[PDB]
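Student: For reference, this is model_38.pdb, and it has PDB, C-alpha atoms and all ligand atoms.
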```pdb
ATOM      1  CA  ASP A   1       5.645  -0.779  16.161
ATOM      2  CA  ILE A   2       2.353  -2.783  16.057
ATOM      3  CA  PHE A   3      -0.141  -1.162  18.416
ATOM      4  CA  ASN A   4      -2.654  -3.597  19.919
ATOM      5  CA  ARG A   5      -5.519  -1.099  19.467
ATOM      6  CA  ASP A   6      -8.172   0.151  17.013
ATOM      7  CA  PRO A   7      -6.590   2.660  14.582
ATOM      8  CA  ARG A   8      -9.891   4.644  14.941
ATOM      9  CA  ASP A   9      -8.519   5.848  18.332
ATOM     10  CA  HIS A  10      -5.961   8.007  16.438
ATOM     11  CA  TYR A  11      -7.482   8.265  12.922
ATOM     12  CA  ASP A  12     -10.717   9.581  11.453
ATOM     13  CA  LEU A  13     -11.539   7.096   8.664
ATOM     14  CA  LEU A  14     -12.618   8.957   5.548
ATOM     15  CA  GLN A  15     -13.622   7.368   2.167
ATOM     16  CA  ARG A  16     -12.440   4.077   0.705
ATOM     17  CA  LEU A  17      -9.757   4.727  -1.924
ATOM     18  CA  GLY A  18      -9.781   1.168  -3.361
ATOM     19  CA  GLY A  19      -8.309  -2.265  -2.746
ATOM     20  CA  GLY A  20      -7.330  -5.712  -3.975
ATOM     21  CA  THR A  21      -5.416  -8.856  -2.943
ATOM     22  CA  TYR A  22      -3.119  -6.503  -0.940
ATOM     23  CA  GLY A  23      -5.924  -5.208   1.319
ATOM     24  CA  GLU A  24      -8.467  -2.343   1.630
ATOM     25  CA  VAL A  25      -7.169   1.243   1.449
ATOM     26  CA  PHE A  26      -8.918   4.180   3.149
ATOM     27  CA  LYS A  27      -8.148   7.887   3.193
ATOM     28  CA  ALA A  28      -7.760   8.983   6.846
ATOM     29  CA  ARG A  29      -7.023  12.063   8.936
ATOM     30  CA  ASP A  30      -4.886  12.108  12.110
ATOM     31  CA  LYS A  31      -7.107  13.448  14.958
ATOM     32  CA  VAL A  32      -4.206  15.391  16.518
ATOM     33  CA  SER A  33      -2.067  16.807  13.694
ATOM     34  CA  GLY A  34      -4.836  17.011  11.063
ATOM     35  CA  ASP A  35      -2.496  15.459   8.450
ATOM     36  CA  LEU A  36      -3.857  13.117   5.754
ATOM     37  CA  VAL A  37      -2.637   9.481   5.640
ATOM     38  CA  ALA A  38      -3.616   6.208   3.898
ATOM     39  CA  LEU A  39      -4.792   3.270   6.067
ATOM     40  CA  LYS A  40      -4.510  -0.213   4.561
ATOM     41  CA  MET A  41      -6.486  -3.042   6.250
ATOM     42  CA  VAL A  42      -5.040  -6.530   5.675
ATOM     43  CA  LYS A  43      -7.193  -9.408   7.045
ATOM     44  CA  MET A  44      -5.113 -11.925   9.036
ATOM     45  CA  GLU A  45      -5.121 -15.601   7.957
ATOM     46  CA  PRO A  46      -5.597 -18.547  10.379
ATOM     47  CA  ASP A  47      -1.858 -19.338  10.216
ATOM     48  CA  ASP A  48      -0.500 -15.750  10.524
ATOM     49  CA  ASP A  49       1.510 -16.065  13.797
ATOM     50  CA  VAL A  50       2.519 -12.715  15.415
ATOM     51  CA  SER A  51       6.235 -13.760  15.426
ATOM     52  CA  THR A  52       6.349 -13.819  11.597
ATOM     53  CA  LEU A  53       4.092 -10.687  11.504
ATOM     54  CA  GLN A  54       6.739  -8.918  13.692
ATOM     55  CA  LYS A  55       9.560  -9.863  11.234
ATOM     56  CA  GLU A  56       7.472  -8.445   8.350
ATOM     57  CA  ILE A  57       6.741  -5.142  10.121
ATOM     58  CA  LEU A  58      10.517  -4.797  10.803
ATOM     59  CA  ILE A  59      11.122  -5.290   7.025
ATOM     60  CA  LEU A  60       8.388  -2.674   6.237
ATOM     61  CA  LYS A  61      10.125  -0.149   8.514
ATOM     62  CA  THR A  62      13.700  -0.722   7.264
ATOM     63  CA  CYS A  63      12.994  -1.228   3.513
ATOM     64  CA  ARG A  64      12.759   2.547   2.823
ATOM     65  CA  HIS A  65      13.311   4.663  -0.296
ATOM     66  CA  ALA A  66      12.104   8.036  -1.692
ATOM     67  CA  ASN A  67      10.418   6.165  -4.615
ATOM     68  CA  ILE A  68       8.422   3.820  -2.293
ATOM     69  CA  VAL A  69       5.384   5.043  -0.242
ATOM     70  CA  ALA A  70       6.617   5.644   3.342
ATOM     71  CA  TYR A  71       5.441   3.328   6.102
ATOM     72  CA  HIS A  72       4.374   5.210   9.285
ATOM     73  CA  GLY A  73       3.211   2.422  11.593
ATOM     74  CA  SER A  74       0.791  -0.443  12.198
ATOM     75  CA  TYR A  75      -2.084  -1.649  14.392
ATOM     76  CA  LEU A  76      -3.249  -5.211  15.122
ATOM     77  CA  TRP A  77      -6.950  -5.219  15.986
ATOM     78  CA  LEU A  78      -9.795  -7.817  15.771
ATOM     79  CA  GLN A  79      -7.874 -10.109  13.322
ATOM     80  CA  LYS A  80      -7.204  -7.141  10.997
ATOM     81  CA  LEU A  81      -3.744  -5.595  10.522
ATOM     82  CA  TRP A  82      -3.803  -1.901   9.689
ATOM     83  CA  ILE A  83      -0.818  -0.272   8.004
ATOM     84  CA  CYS A  84      -0.527   3.513   8.091
ATOM     85  CA  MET A  85       1.309   5.000   5.131
ATOM     86  CA  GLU A  86       1.906   8.330   3.273
ATOM     87  CA  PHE A  87      -1.122   9.580   1.331
ATOM     88  CA  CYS A  88      -0.606   9.931  -2.428
ATOM     89  CA  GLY A  89      -3.418  12.352  -3.350
ATOM     90  CA  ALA A  90      -3.569  11.769  -7.124
ATOM     91  CA  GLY A  91      -3.902   7.973  -6.792
ATOM     92  CA  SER A  92      -2.295   5.603  -9.256
ATOM     93  CA  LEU A  93      -1.068   6.216 -12.802
ATOM     94  CA  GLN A  94      -4.073   4.087 -13.951
ATOM     95  CA  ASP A  95      -6.472   6.411 -12.007
ATOM     96  CA  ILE A  96      -4.762   9.290 -13.844
ATOM     97  CA  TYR A  97      -4.454   7.993 -17.431
ATOM     98  CA  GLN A  98      -8.132   6.778 -17.324
ATOM     99  CA  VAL A  99      -9.045  10.501 -16.996
ATOM    100  CA  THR A 100      -6.221  12.295 -18.947
ATOM    101  CA  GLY A 101      -5.544   9.787 -21.760
ATOM    102  CA  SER A 102      -2.058   8.664 -22.867
ATOM    103  CA  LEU A 103       1.056  10.121 -21.220
ATOM    104  CA  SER A 104       3.618  12.002 -23.314
ATOM    105  CA  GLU A 105       7.001  10.416 -24.031
ATOM    106  CA  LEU A 106       8.642  12.804 -21.532
ATOM    107  CA  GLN A 107       6.127  11.971 -18.798
ATOM    108  CA  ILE A 108       6.631   8.210 -19.332
ATOM    109  CA  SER A 109      10.418   8.758 -19.305
ATOM    110  CA  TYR A 110      10.275  10.511 -15.879
ATOM    111  CA  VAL A 111       7.922   7.829 -14.391
ATOM    112  CA  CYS A 112      10.243   5.017 -15.732
ATOM    113  CA  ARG A 113      13.316   6.754 -14.212
ATOM    114  CA  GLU A 114      11.656   7.121 -10.761
ATOM    115  CA  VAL A 115      10.393   3.506 -10.819
ATOM    116  CA  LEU A 116      13.864   2.211 -11.844
ATOM    117  CA  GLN A 117      15.357   4.086  -8.839
ATOM    118  CA  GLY A 118      12.926   2.251  -6.548
ATOM    119  CA  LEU A 119      13.568  -1.115  -8.294
ATOM    120  CA  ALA A 120      17.345  -0.706  -8.105
ATOM    121  CA  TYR A 121      16.975  -0.090  -4.345
ATOM    122  CA  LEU A 122      14.633  -3.130  -3.912
ATOM    123  CA  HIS A 123      17.025  -5.367  -5.884
ATOM    124  CA  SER A 124      20.003  -4.171  -3.709
ATOM    125  CA  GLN A 125      17.957  -5.432  -0.695
ATOM    126  CA  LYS A 126      17.557  -8.858  -2.494
ATOM    127  CA  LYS A 127      13.822  -8.245  -2.986
ATOM    128  CA  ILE A 128      11.885  -8.811  -6.226
ATOM    129  CA  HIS A 129       8.863  -6.490  -6.612
ATOM    130  CA  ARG A 130       6.878  -8.832  -8.993
ATOM    131  CA  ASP A 131       3.855  -6.447  -9.080
ATOM    132  CA  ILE A 132       4.957  -3.511 -11.357
ATOM    133  CA  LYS A 133       2.000  -1.944 -13.273
ATOM    134  CA  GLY A 134       0.377   1.496 -13.502
ATOM    135  CA  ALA A 135      -2.233   0.722 -10.756
ATOM    136  CA  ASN A 136       0.651   0.064  -8.301
ATOM    137  CA  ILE A 137       2.556   3.302  -8.996
ATOM    138  CA  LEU A 138       1.117   6.245  -7.070
ATOM    139  CA  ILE A 139       1.445  10.012  -7.579
ATOM    140  CA  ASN A 140       1.215  12.643  -4.803
ATOM    141  CA  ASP A 141      -0.065  16.230  -5.375
ATOM    142  CA  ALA A 142       3.594  17.366  -5.821
ATOM    143  CA  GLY A 143       4.044  15.101  -8.928
ATOM    144  CA  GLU A 144       6.407  12.711  -7.130
ATOM    145  CA  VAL A 145       6.421   9.047  -8.190
ATOM    146  CA  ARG A 146       6.268   6.205  -5.652
ATOM    147  CA  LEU A 147       5.743   2.478  -5.770
ATOM    148  CA  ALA A 148       2.667   1.735  -3.528
ATOM    149  CA  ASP A 149       4.634  -0.974  -1.722
ATOM    150  CA  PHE A 150       7.793  -3.079  -2.097
ATOM    151  CA  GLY A 151       5.870  -5.806  -3.969
ATOM    152  CA  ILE A 152       4.333  -9.182  -3.270
ATOM    153  CA  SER A 153       7.057 -10.445  -0.852
ATOM    154  CA  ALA A 154       5.245  -9.320   2.358
ATOM    155  CA  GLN A 155       4.209 -12.507   4.228
ATOM    156  CA  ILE A 156       1.055 -10.825   5.717
ATOM    157  CA  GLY A 157      -2.611 -11.638   5.092
ATOM    158  CA  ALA A 158      -3.533 -12.801   1.571
ATOM    159  CA  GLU A 159       0.076 -13.435   0.449
ATOM    160  CA  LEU A 160      -0.841 -16.511  -1.682
ATOM    161  CA  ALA A 161      -3.682 -14.866  -3.671
ATOM    162  CA  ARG A 162      -1.469 -11.823  -4.254
ATOM    163  CA  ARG A 163       1.452 -14.064  -5.360
ATOM    164  CA  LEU A 164      -0.817 -16.010  -7.780
ATOM    165  CA  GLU A 165      -3.011 -13.124  -8.967
ATOM    166  CA  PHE A 166      -0.993 -12.708 -12.232
ATOM    167  CA  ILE A 167      -2.327 -16.116 -13.440
ATOM    168  CA  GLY A 168      -5.715 -14.355 -13.994
ATOM    169  CA  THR A 169      -4.051 -11.107 -15.243
ATOM    170  CA  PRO A 170      -0.530 -12.020 -16.560
ATOM    171  CA  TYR A 171      -0.134  -9.066 -18.906
ATOM    172  CA  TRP A 172       2.692  -7.374 -17.012
ATOM    173  CA  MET A 173       4.715 -10.530 -16.122
ATOM    174  CA  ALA A 174       7.957 -11.612 -17.821
ATOM    175  CA  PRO A 175       7.893 -14.877 -19.857
ATOM    176  CA  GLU A 176      10.096 -16.678 -17.262
ATOM    177  CA  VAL A 177       7.440 -15.743 -14.571
ATOM    178  CA  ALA A 178       4.489 -16.641 -16.923
ATOM    179  CA  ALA A 179       6.231 -20.141 -17.026
ATOM    180  CA  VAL A 180       4.579 -20.629 -13.559
ATOM    181  CA  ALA A 181       4.956 -24.085 -11.990
ATOM    182  CA  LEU A 182       7.649 -25.105 -14.523
ATOM    183  CA  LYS A 183      11.247 -25.939 -13.480
ATOM    184  CA  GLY A 184      12.843 -22.590 -14.405
ATOM    185  CA  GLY A 185      12.830 -20.001 -11.684
ATOM    186  CA  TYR A 186      13.139 -16.282 -12.156
ATOM    187  CA  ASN A 187      15.146 -13.435 -10.709
ATOM    188  CA  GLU A 188      14.845  -9.654 -10.151
ATOM    189  CA  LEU A 189      15.169  -9.005 -13.917
ATOM    190  CA  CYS A 190      11.439  -9.921 -14.270
ATOM    191  CA  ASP A 191      10.737  -6.406 -12.777
ATOM    192  CA  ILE A 192      12.629  -4.808 -15.710
ATOM    193  CA  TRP A 193      10.284  -6.551 -18.187
ATOM    194  CA  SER A 194       7.199  -5.438 -16.111
ATOM    195  CA  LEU A 195       8.473  -1.819 -16.269
ATOM    196  CA  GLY A 196       8.741  -2.034 -20.116
ATOM    197  CA  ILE A 197       5.112  -3.287 -20.268
ATOM    198  CA  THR A 198       4.082  -0.477 -17.845
ATOM    199  CA  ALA A 199       5.663   2.061 -20.221
ATOM    200  CA  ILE A 200       3.523   0.676 -23.138
ATOM    201  CA  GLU A 201       0.511   0.777 -20.726
ATOM    202  CA  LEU A 202       1.077   4.539 -20.053
ATOM    203  CA  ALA A 203       1.439   5.146 -23.788
ATOM    204  CA  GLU A 204      -1.559   2.987 -24.879
ATOM    205  CA  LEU A 205      -3.951   2.857 -21.831
ATOM    206  CA  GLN A 206      -3.628  -0.911 -21.562
ATOM    207  CA  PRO A 207      -0.745  -3.410 -21.616
ATOM    208  CA  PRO A 208      -0.183  -5.494 -24.808
ATOM    209  CA  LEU A 209      -2.589  -8.391 -25.372
ATOM    210  CA  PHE A 210      -4.945  -7.048 -22.558
ATOM    211  CA  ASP A 211      -8.038  -8.248 -24.515
ATOM    212  CA  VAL A 212      -6.707 -11.816 -24.832
ATOM    213  CA  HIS A 213      -7.938 -14.409 -22.264
ATOM    214  CA  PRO A 214      -5.327 -14.641 -19.476
ATOM    215  CA  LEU A 215      -4.757 -18.391 -19.984
ATOM    216  CA  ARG A 216      -4.187 -17.812 -23.728
ATOM    217  CA  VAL A 217      -1.539 -15.111 -22.893
ATOM    218  CA  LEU A 218       0.252 -17.561 -20.522
ATOM    219  CA  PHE A 219       0.307 -20.147 -23.352
ATOM    220  CA  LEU A 220       1.661 -17.728 -25.966
ATOM    221  CA  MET A 221       4.320 -16.364 -23.597
ATOM    222  CA  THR A 222       5.870 -19.777 -22.894
ATOM    223  CA  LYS A 223       6.360 -20.478 -26.653
ATOM    224  CA  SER A 224       9.828 -20.454 -28.245
ATOM    225  CA  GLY A 225       8.579 -18.227 -31.059
ATOM    226  CA  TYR A 226       7.023 -15.613 -28.702
ATOM    227  CA  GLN A 227       7.927 -12.189 -29.918
ATOM    228  CA  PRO A 228       8.068  -9.596 -27.121
ATOM    229  CA  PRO A 229       5.569  -6.723 -27.499
ATOM    230  CA  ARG A 230       6.190  -3.385 -29.183
ATOM    231  CA  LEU A 231       4.527   0.055 -29.207
ATOM    232  CA  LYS A 232       1.578   0.091 -31.687
ATOM    233  CA  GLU A 233       2.272   3.550 -33.227
ATOM    234  CA  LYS A 234       5.946   3.747 -34.421
ATOM    235  CA  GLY A 235       5.444   7.248 -36.014
ATOM    236  CA  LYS A 236       4.685   8.986 -32.676
ATOM    237  CA  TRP A 237       7.421   7.555 -30.387
ATOM    238  CA  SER A 238      11.115   8.294 -30.690
ATOM    239  CA  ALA A 239      13.922   5.849 -31.563
ATOM    240  CA  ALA A 240      15.049   6.130 -27.901
ATOM    241  CA  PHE A 241      11.589   5.036 -26.615
ATOM    242  CA  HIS A 242      11.431   2.107 -29.113
ATOM    243  CA  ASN A 243      14.900   0.971 -27.968
ATOM    244  CA  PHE A 244      13.974   1.278 -24.269
ATOM    245  CA  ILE A 245      10.991  -1.053 -24.982
ATOM    246  CA  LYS A 246      13.249  -3.358 -27.022
ATOM    247  CA  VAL A 247      15.851  -3.789 -24.221
ATOM    248  CA  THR A 248      13.428  -3.914 -21.202
ATOM    249  CA  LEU A 249      11.377  -6.526 -23.116
ATOM    250  CA  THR A 250      14.371  -8.778 -23.820
ATOM    251  CA  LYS A 251      12.935 -12.347 -23.836
ATOM    252  CA  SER A 252      15.929 -14.019 -22.070
ATOM    253  CA  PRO A 253      16.500 -12.732 -18.528
ATOM    254  CA  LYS A 254      20.224 -13.554 -19.054
ATOM    255  CA  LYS A 255      20.293 -10.748 -21.707
ATOM    256  CA  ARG A 256      17.944  -8.239 -20.010
ATOM    257  CA  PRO A 257      19.595  -5.202 -18.373
ATOM    258  CA  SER A 258      19.538  -4.548 -14.612
ATOM    259  CA  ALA A 259      17.617  -1.627 -13.041
ATOM    260  CA  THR A 260      20.949   0.174 -12.381
ATOM    261  CA  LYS A 261      22.010  -0.362 -16.042
ATOM    262  CA  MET A 262      18.640   0.944 -17.303
ATOM    263  CA  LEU A 263      19.121   4.177 -15.271
ATOM    264  CA  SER A 264      21.841   5.212 -17.842
ATOM    265  CA  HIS A 265      19.611   4.400 -20.866
ATOM    266  CA  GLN A 266      19.260   7.557 -23.080
ATOM    267  CA  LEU A 267      15.455   7.635 -22.464
ATOM    268  CA  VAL A 268      15.596   7.984 -18.668
ATOM    269  CA  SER A 269      18.926   9.784 -18.313
ATOM    270  CA  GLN A 270      17.893  12.694 -20.638
ATOM    271  CA  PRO A 271      17.742  16.284 -19.268
ATOM    272  CA  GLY A 272      14.525  17.976 -18.138
ATOM    273  CA  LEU A 273      12.936  14.941 -16.432
ATOM    274  CA  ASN A 274      11.363  16.204 -13.174
ATOM    275  CA  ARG A 275       8.061  16.308 -11.189
ATOM    276  CA  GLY A 276       6.963  19.348 -13.253
ATOM    277  CA  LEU A 277       6.098  16.901 -16.083
ATOM    278  CA  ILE A 278       3.610  15.156 -13.737
ATOM    279  CA  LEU A 279       2.311  18.534 -12.430
ATOM    280  CA  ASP A 280       1.441  19.294 -16.131
ATOM    281  CA  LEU A 281      -0.237  15.862 -16.377
ATOM    282  CA  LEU A 282      -2.306  16.553 -13.171
ATOM    283  CA  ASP A 283      -3.396  19.931 -14.605
ATOM    284  CA  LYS A 284      -5.241  17.917 -17.343
ATOM    285  CA  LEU A 285      -7.489  16.455 -14.585
ATOM    286  CA  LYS A 286      -9.079  19.953 -14.237
ATOM    287  CA  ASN A 287     -10.094  19.940 -17.936
TER     288      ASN A 287
HETATM  289  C1  LIG B   1      -6.121   1.630  -3.603
HETATM  290  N1  LIG B   1      -4.682   1.627  -3.427
HETATM  291  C2  LIG B   1      -4.024   2.642  -2.852
HETATM  292  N2  LIG B   1      -4.580   3.858  -2.952
HETATM  293  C3  LIG B   1      -3.912   4.868  -2.372
HETATM  294  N3  LIG B   1      -4.428   6.132  -2.453
HETATM  295  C4  LIG B   1      -5.338   6.709  -3.380
HETATM  296  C5  LIG B   1      -5.537   8.084  -3.372
HETATM  297  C6  LIG B   1      -6.421   8.671  -4.258
HETATM  298  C7  LIG B   1      -7.132   7.900  -5.173
HETATM  299  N4  LIG B   1      -8.033   8.492  -6.074
HETATM  300  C8  LIG B   1      -8.574   9.836  -5.817
HETATM  301  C9  LIG B   1      -9.878  10.027  -6.575
HETATM  302  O1  LIG B   1      -9.723   9.722  -7.974
HETATM  303  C10 LIG B   1      -9.295   8.370  -8.151
HETATM  304  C11 LIG B   1      -7.955   8.139  -7.494
HETATM  305  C12 LIG B   1      -6.931   6.523  -5.176
HETATM  306  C13 LIG B   1      -6.045   5.935  -4.293
HETATM  307  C14 LIG B   1      -2.690   4.664  -1.688
HETATM  308  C15 LIG B   1      -1.937   5.787  -1.015
HETATM  309  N5  LIG B   1      -0.833   5.438  -0.355
HETATM  310  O2  LIG B   1      -2.345   6.963  -1.072
HETATM  311  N6  LIG B   1      -2.134   3.445  -1.589
HETATM  312  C16 LIG B   1      -2.800   2.428  -2.154
HETATM  313  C17 LIG B   1      -2.090   1.121  -2.029
HETATM  314  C18 LIG B   1      -1.483   0.714  -0.841
HETATM  315  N7  LIG B   1      -0.793  -0.426  -0.677
HETATM  316  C19 LIG B   1      -0.654  -1.236  -1.734
HETATM  317  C20 LIG B   1      -1.197  -0.910  -2.957
HETATM  318  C21 LIG B   1      -1.914   0.271  -3.144
HETATM  319  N8  LIG B   1      -2.356   0.370  -4.457
HETATM  320  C22 LIG B   1      -1.907  -0.725  -5.019
HETATM  321  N9  LIG B   1      -1.207  -1.537  -4.184
HETATM  322  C23 LIG B   1      -0.579  -2.816  -4.496
END
```
Go ahead and render the structure in this file as structure tokens.
Tutor:
Amino acid sequence: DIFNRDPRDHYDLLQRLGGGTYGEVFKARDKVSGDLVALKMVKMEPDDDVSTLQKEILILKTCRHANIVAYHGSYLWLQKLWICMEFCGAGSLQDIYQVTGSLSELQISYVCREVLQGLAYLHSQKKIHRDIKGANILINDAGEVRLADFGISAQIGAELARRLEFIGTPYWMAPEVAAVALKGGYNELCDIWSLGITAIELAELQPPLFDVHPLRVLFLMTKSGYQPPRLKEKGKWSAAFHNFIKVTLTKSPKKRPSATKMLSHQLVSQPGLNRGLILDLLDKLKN
């Protein structure tokens, strides 16, 4: 499961695709089959024992869903853990909308449906993603939608910096999560709020309040009079899209709908939602 060897023995490392608190991602080609894969390098911390690392790799191999990037295998080499995963050729939705411009209501509807399918699966496994945003939703050349990973819960490498990263960029987090280090916890419903913000992000090219200093956003969010965000242009988006934003951005998590409940919302249960919508979006990259 975790080969004690250099992944360069089996893979030809191509260009760097990007990275962050979750590691460094490289495009790579298998030397035998010729197939393209993604290789993520996670630097191991001084307290990352291999017994806990083994439990995590077991979770990475069993936590599987069509709307989550497939895990192929891993390598432990020179204090760096390398995870091999399916290659999503078009990159993230942020990589796409920062070329194409705003997604159509139908395109956002399909992405939100596919993400909710992945979130409903993660929540059935008692996992909370806690990292839903356009940059963490990848698209393959077939227009399929996949979450890059199952979220922040992987206890590998820079887990703490990844867990706390929202403090410097809290725009996608639910108010009960933005109430960091206060007595109230949170639950899986915070992912539903993050998906509502992601839908405004795909419509507007940035989440609400993106230009406000992160510490000011945290302050505003933990106020009793905080009004959840809304789409900026009412006379472009349908009543169904406005309502989907209204219910996903419910301030109280005790009133916010589950991922399974959201899958029957009129916006994401409408006919004609399929990968063809994203194939049309990818065609705009040529122009
Ligand atoms: C940099 N991140 C990732 N890039 C990938 N591929 C990819 C492919 C193409 C581009 N381009 C092409 C040229 O135009 C710009 C866009 C960018 C990226 C992948 C993958 N599987 O293909 N995966 C991750 C990734 C993996 N784990 C966790 C992650 C990840 N992203 C966020 N989180 C939290």
Student: Counting only C-alpha atoms and all ligand atoms, which residue out of A:88, A:14, A:209, A:200 sits closest to ligand LIG 1 (chain B)?
Tutor: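 Among the listed residues, the smallest separation from ligand LIG 1 (chain B) belongs to A:88.
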Student: How would you write, as JSON, numbers by chain, the set of residues no farther than 9 Å from ligand LIG 1 (chain B) when counting all atoms listed in the file?
Tutor: {"A": [16, 17, 18, 19, 20, 21, 22, 23, 24, 25, 26, 27, 37, 38, 39, 40, 69, 70, 83, 84, 85, 86, 87, 88, 89, 90, 91, 92, 93, 94, 95, 96, 131, 132, 135, 136, 137, 138, 139, 140, 146, 147, 148, 149, 150, 151, 152]}
Student: Generate the output file for the selected residues, C-alpha atoms, as an mmCIF file, in the frame of the given file.
Tutor:
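Contents of again-v9.cif, freshly written:
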```
data_model
loop_
_atom_site.group_PDB
_atom_site.id
_atom_site.type_symbol
_atom_site.label_atom_id
_atom_site.label_comp_id
_atom_site.auth_asym_id
_atom_site.auth_seq_id
_atom_site.Cartn_x
_atom_site.Cartn_y
_atom_site.Cartn_z
ATOM 1 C CA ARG A 16 -12.440 4.077 0.705
ATOM 2 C CA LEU A 17 -9.757 4.727 -1.924
ATOM 3 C CA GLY A 18 -9.781 1.168 -3.361
ATOM 4 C CA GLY A 19 -8.309 -2.265 -2.746
ATOM 5 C CA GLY A 20 -7.330 -5.712 -3.975
ATOM 6 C CA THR A 21 -5.416 -8.856 -2.943
ATOM 7 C CA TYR A 22 -3.119 -6.503 -0.940
ATOM 8 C CA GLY A 23 -5.924 -5.208 1.319
ATOM 9 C CA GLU A 24 -8.467 -2.343 1.630
ATOM 10 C CA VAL A 25 -7.169 1.243 1.449
ATOM 11 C CA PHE A 26 -8.918 4.180 3.149
ATOM 12 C CA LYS A 27 -8.148 7.887 3.193
ATOM 13 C CA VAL A 37 -2.637 9.481 5.640
ATOM 14 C CA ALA A 38 -3.616 6.208 3.898
ATOM 15 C CA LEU A 39 -4.792 3.270 6.067
ATOM 16 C CA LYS A 40 -4.510 -0.213 4.561
ATOM 17 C CA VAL A 69 5.384 5.043 -0.242
ATOM 18 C CA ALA A 70 6.617 5.644 3.342
ATOM 19 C CA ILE A 83 -0.818 -0.272 8.004
ATOM 20 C CA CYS A 84 -0.527 3.513 8.091
ATOM 21 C CA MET A 85 1.309 5.000 5.131
ATOM 22 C CA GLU A 86 1.906 8.330 3.273
ATOM 23 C CA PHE A 87 -1.122 9.580 1.331
ATOM 24 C CA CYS A 88 -0.606 9.931 -2.428
ATOM 25 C CA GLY A 89 -3.418 12.352 -3.350
ATOM 26 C CA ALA A 90 -3.569 11.769 -7.124
ATOM 27 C CA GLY A 91 -3.902 7.973 -6.792
ATOM 28 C CA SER A 92 -2.295 5.603 -9.256
ATOM 29 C CA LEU A 93 -1.068 6.216 -12.802
ATOM 30 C CA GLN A 94 -4.073 4.087 -13.951
ATOM 31 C CA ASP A 95 -6.472 6.411 -12.007
ATOM 32 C CA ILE A 96 -4.762 9.290 -13.844
ATOM 33 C CA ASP A 131 3.855 -6.447 -9.080
ATOM 34 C CA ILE A 132 4.957 -3.511 -11.357
ATOM 35 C CA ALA A 135 -2.233 0.722 -10.756
ATOM 36 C CA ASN A 136 0.651 0.064 -8.301
ATOM 37 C CA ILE A 137 2.556 3.302 -8.996
ATOM 38 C CA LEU A 138 1.117 6.245 -7.070
ATOM 39 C CA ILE A 139 1.445 10.012 -7.579
ATOM 40 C CA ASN A 140 1.215 12.643 -4.803
ATOM 41 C CA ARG A 146 6.268 6.205 -5.652
ATOM 42 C CA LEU A 147 5.743 2.478 -5.770
ATOM 43 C CA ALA A 148 2.667 1.735 -3.528
ATOM 44 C CA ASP A 149 4.634 -0.974 -1.722
ATOM 45 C CA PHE A 150 7.793 -3.079 -2.097
ATOM 46 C CA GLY A 151 5.870 -5.806 -3.969
ATOM 47 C CA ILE A 152 4.333 -9.182 -3.270
#
```
Student: Nearest to residue A:75 among A:127, A:255, A:5, A:234, with distances taken over only C-alpha atoms: which residue is it?
Tutor: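 For residue A:75, the nearest of the candidates is A:5.
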Student: Where does stretch 154-256 of chain A meet stretch 51-68 of chain A within 9 Å, residue by residue, with the nearest atom pair and distance in Å to one decimal for each, counting only C-alpha atoms, listed by chain and rising number, as a tab-separated table?
Tutor:
```
residue	atom	partner	partner_atom	distance
A:154	CA	A:56	CA	6.5
A:155	CA	A:56	CA	6.6
A:156	CA	A:53	CA	6.5
```
Student: Quick one: which residues end up in the PyMOL selection byres (((chain A and resi 167) around 9) and not hetatm) for this structure, as a PDB file with C-alpha atoms, in the frame of the given file?
Tutor:
```pdb
ATOM      1  CA  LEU A 164      -0.817 -16.010  -7.780  1.00  0.00           C
ATOM      2  CA  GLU A 165      -3.011 -13.124  -8.967  1.00  0.00           C
ATOM      3  CA  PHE A 166      -0.993 -12.708 -12.232  1.00  0.00           C
ATOM      4  CA  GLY A 168      -5.715 -14.355 -13.994  1.00  0.00           C
ATOM      5  CA  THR A 169      -4.051 -11.107 -15.243  1.00  0.00           C
ATOM      6  CA  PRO A 170      -0.530 -12.020 -16.560  1.00  0.00           C
ATOM      7  CA  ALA A 178       4.489 -16.641 -16.923  1.00  0.00           C
ATOM      8  CA  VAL A 180       4.579 -20.629 -13.559  1.00  0.00           C
ATOM      9  CA  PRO A 214      -5.327 -14.641 -19.476  1.00  0.00           C
ATOM     10  CA  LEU A 215      -4.757 -18.391 -19.984  1.00  0.00           C
ATOM     11  CA  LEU A 218       0.252 -17.561 -20.522  1.00  0.00           C
TER      12      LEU A 218
END
```
Student: Expand the PyMOL selection byres (((chain A and resi 239-243) around 12) and not hetatm) into the explicit residue set it covers here, and present it as a ChimeraX atom specification.
Tutor: /A:104-109,112,196,199-200,203,229-238,244-250,262,265-270
Student: Expanded to explicit residues, what is the PyMOL selection byres (((chain A and resi 123) around 12) and not hetatm) for this file, as a ChimeraX atom specification?
Tutor: /A:63,116-122,124-130,150-151,187-192,258-260
Student: For a cutoff of 10 Å around the file-coordinate point (-8.3, 7.5, 13.8), which residues qualify once you count only C-alpha atoms? I'd like the result as a ChimeraX atom specification.
Tutor: /A:6-14,28-32,39
Student: Kindly save the residues from that selection, with C-alpha atoms included, as a compact mmCIF listing (two decimals), in the frame of the given file.
Tutor:
```
# COMPACT_ATOMS: atom_id res chain seq x y z
CA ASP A 6 -8.17 0.15 17.01
CA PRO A 7 -6.59 2.66 14.58
CA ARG A 8 -9.89 4.64 14.94
CA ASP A 9 -8.52 5.85 18.33
CA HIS A 10 -5.96 8.01 16.44
CA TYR A 11 -7.48 8.26 12.92
CA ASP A 12 -10.72 9.58 11.45
CA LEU A 13 -11.54 7.10 8.66
CA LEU A 14 -12.62 8.96 5.55
CA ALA A 28 -7.76 8.98 6.85
CA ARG A 29 -7.02 12.06 8.94
CA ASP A 30 -4.89 12.11 12.11
CA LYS A 31 -7.11 13.45 14.96
CA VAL A 32 -4.21 15.39 16.52
CA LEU A 39 -4.79 3.27 6.07
```
